[PDB]
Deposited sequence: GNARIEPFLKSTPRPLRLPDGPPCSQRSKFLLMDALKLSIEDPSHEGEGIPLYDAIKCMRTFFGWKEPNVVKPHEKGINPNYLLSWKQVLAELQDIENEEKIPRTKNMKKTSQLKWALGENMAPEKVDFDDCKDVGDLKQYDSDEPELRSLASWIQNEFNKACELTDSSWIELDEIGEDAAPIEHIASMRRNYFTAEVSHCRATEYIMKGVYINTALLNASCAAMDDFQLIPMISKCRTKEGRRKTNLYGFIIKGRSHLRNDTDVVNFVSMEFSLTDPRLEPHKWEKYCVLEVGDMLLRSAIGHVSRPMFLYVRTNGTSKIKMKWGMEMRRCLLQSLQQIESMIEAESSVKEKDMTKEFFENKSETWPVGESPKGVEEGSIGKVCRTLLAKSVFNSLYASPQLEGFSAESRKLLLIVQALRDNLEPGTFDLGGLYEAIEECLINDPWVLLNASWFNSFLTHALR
């Protein structure tokens, strides 16, 4: 009956482990060691300038974030003089890094998280996975399953949510490996991804750096702290509420092709302290399963049309030949919307998300039963609507489904 009661308060703020729509890549074309790749990426940019804070972290020590970035640059400059470029780089345990590495309450839905989700559904001009990326099969797959995987892949291989998948897989792999290979060190860990242009060129991408703290992770739940430093062209002063947890530097200027001619835009560095655990880094390494999970949701839809029409409906589904249209607009957009929901469930995982997902499915089945044939549950759901952007956006969406 009643729409969900969304909490009131200041707008919700970004809480992902890395930047999503706001990320910026420094890239090298047709390039294997992350630190060497990062330096060559840094040396493609010439608009660096003396960094200063432009959006302070309200609760943190902003001079230390500034000092940490200047330390990163200074220590990368050192590596450029040591004879062979080493495989890894352990930061000096400066006072700013010791500080930064660490050695109720209601928020309202803000529009940025819907925007993030729309962005995750879009196509980029690069492919982020190989043609045989999806799946774990010991054996050759049957002909129909293959056809389905190939159709699905063509629709998501360039999708932005797939870039998020591989970005997350890379940085979680690197952090987890560093966590046992360099337990006592403040290791400098580049944030790298890899894609292939439409013309087939291989590109290596640098988003920024993380620095991990001490990581004596005896448990799955033991926490390793880190400082993330991420490039961006997003001016934080347009949506300051999004950036509550960040100190934001201006660190350069970049010359860009636009719908106008060439333009110069400031380049920013989003800095925050964060943490993660073994168990979260292991899930982060498994994000390719989002591809598999959303494929299987698509296969479900094909199997239902295929039993009803007593023929295999794979070609007629993906080619859009019973239904007379596709509400999202195209088969492609449906695949990418399913993918983005799955990826965002992983990026924004939480107990709030878990509680909302189960209790809201109960209210949905009940409400459909009422729709087709005509207190307590509401408290379990709304006990999860506190301050998480992804949960709040999903509750917003649920209320659309209640109005329709």
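Engineer: For this chain, which runs of the deposited sequence have no C-alpha coordinates, given in order from the N-terminus?
Structural biologist: Going by the record, the segments left unmodelled (no C-alpha atoms) fall at 1-12, 44-48, 121-145, 364-371, 425-431, 462-464.
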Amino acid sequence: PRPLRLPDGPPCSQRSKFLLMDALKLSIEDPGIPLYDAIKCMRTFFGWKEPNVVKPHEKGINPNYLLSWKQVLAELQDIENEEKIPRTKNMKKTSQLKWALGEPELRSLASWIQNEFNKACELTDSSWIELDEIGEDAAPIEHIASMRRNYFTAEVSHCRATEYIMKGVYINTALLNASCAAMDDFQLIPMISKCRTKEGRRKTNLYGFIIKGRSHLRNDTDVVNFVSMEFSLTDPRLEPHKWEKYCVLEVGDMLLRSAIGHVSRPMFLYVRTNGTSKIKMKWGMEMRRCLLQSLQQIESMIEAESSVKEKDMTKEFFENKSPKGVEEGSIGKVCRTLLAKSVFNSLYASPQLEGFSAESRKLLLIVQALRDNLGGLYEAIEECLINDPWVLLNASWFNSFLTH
From here on, numbers count along this sequence of modelled residues.
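Each form is matched to the other, and the largest set of C-alpha atoms that superpose within 1.5 Å is called the rigid core.
Engineer: Between 161-169 and 75-83, where do the CA atoms move more in 9 other deposited structures of this protein, taking the root mean square over the structures and residues after a core fit?
Structural biologist: Looking at 75-83 and 161-169 in 9 other deposited structures of this protein, the bigger mover is 75-83.
Engineer: Is it the case that, in at least a third of the other entries compared (those modelling both flanking residues), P104 has no coordinates?
Structural biologist: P104: unmodelled in at least a third of the other compared entries.
Engineer: Read off the CA B-factors in the entry, average them over 38-46 and over 364-372, and name the higher stretch.
Structural biologist: Mean B over CA atoms: larger for 364-372.
Engineer: Quick check: 352-360 versus 56-64, which has the larger average CA B-factor in the record?
Structural biologist: That would be 352-360.
Engineer: Would you mind checking which of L217, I79, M287, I171 has the top Cα temperature factor in the PDB entry?
Structural biologist: Top of the list by C-alpha B-factor: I79.
Engineer: Between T94, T204, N320, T234, let me know which has the highest C-alpha B-factor in the entry?
Structural biologist: That would be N320, according to the entry.
Engineer: So where's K315 on the chain's Cα temperature factor ranking, which third?
Structural biologist: For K315, whose C-alpha B-factor we compare with every modelled residue in the chain, the answer is the highest third.
Engineer: Would you mind ranking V156 by its C-alpha B-factor against the rest of the chain and naming the third, lowest, middle or highest?
Structural biologist: Middle third - that is where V156 ends up once the chain's C-alpha B-factors are sorted.
Engineer: Going by what the PDB entry lists, where does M21 fall on CA B-factor within its chain: lowest, middle or highest third?
Structural biologist: Bottom third by C-alpha B-factor.
Engineer: By the recorded C-alpha temperature factor, relative to the other modelled residues in its chain, which third is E305 in?
Structural biologist: Highest third of the chain for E305's C-alpha B-factor.
Engineer: Compare the C-alpha B factor of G325 with those of the other modelled residues in its chain, then answer lowest, middle or highest third.
Structural biologist: Highest third.
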